[PDB]
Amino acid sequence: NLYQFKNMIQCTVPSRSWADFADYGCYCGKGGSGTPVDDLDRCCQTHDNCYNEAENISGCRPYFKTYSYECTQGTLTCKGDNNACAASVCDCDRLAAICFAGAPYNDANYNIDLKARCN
């Protein structure tokens, strides 16, 4: 669920508030359209498409589904007690948190005008 994804980000990018990732580029947060503006936006586009795929599983709601995971000693793991929806969303989230840790963050790309720039 979004609270757990927020905690995965806190566990992989400790030197930055998770809100930094909430409204970035064309895909991070609200946005879901146009040309991703940079590497971090590309992380967010793959994450958004990942959710869209998970949503094809009956009864699977990625923003709300609680899954089982651990974040300890620099390692993030999705655990084996997850059902098919929980495992998929857990993987979408984990994949995105690891992506965010490797991508450069460009202040200029925070809170861009999605209506003008993400067509």
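The first residue of the shown sequence is 1; numbering continues from there.
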Comparing mean C-alpha B factor in the record for 62-70 and 24-32, the higher one is 24-32
When mean C-alpha B-factors in the record are compared for 5-13 and 92-100, the larger belongs to 5-13
By the entry's values, the third containing the CA B factor of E53 is the lowest
Entry-reported C-alpha B-factor of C44 relative to its chain, by third, is lowest
So, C78's CA B-factor, relative to its chain, sits in which third? The middle
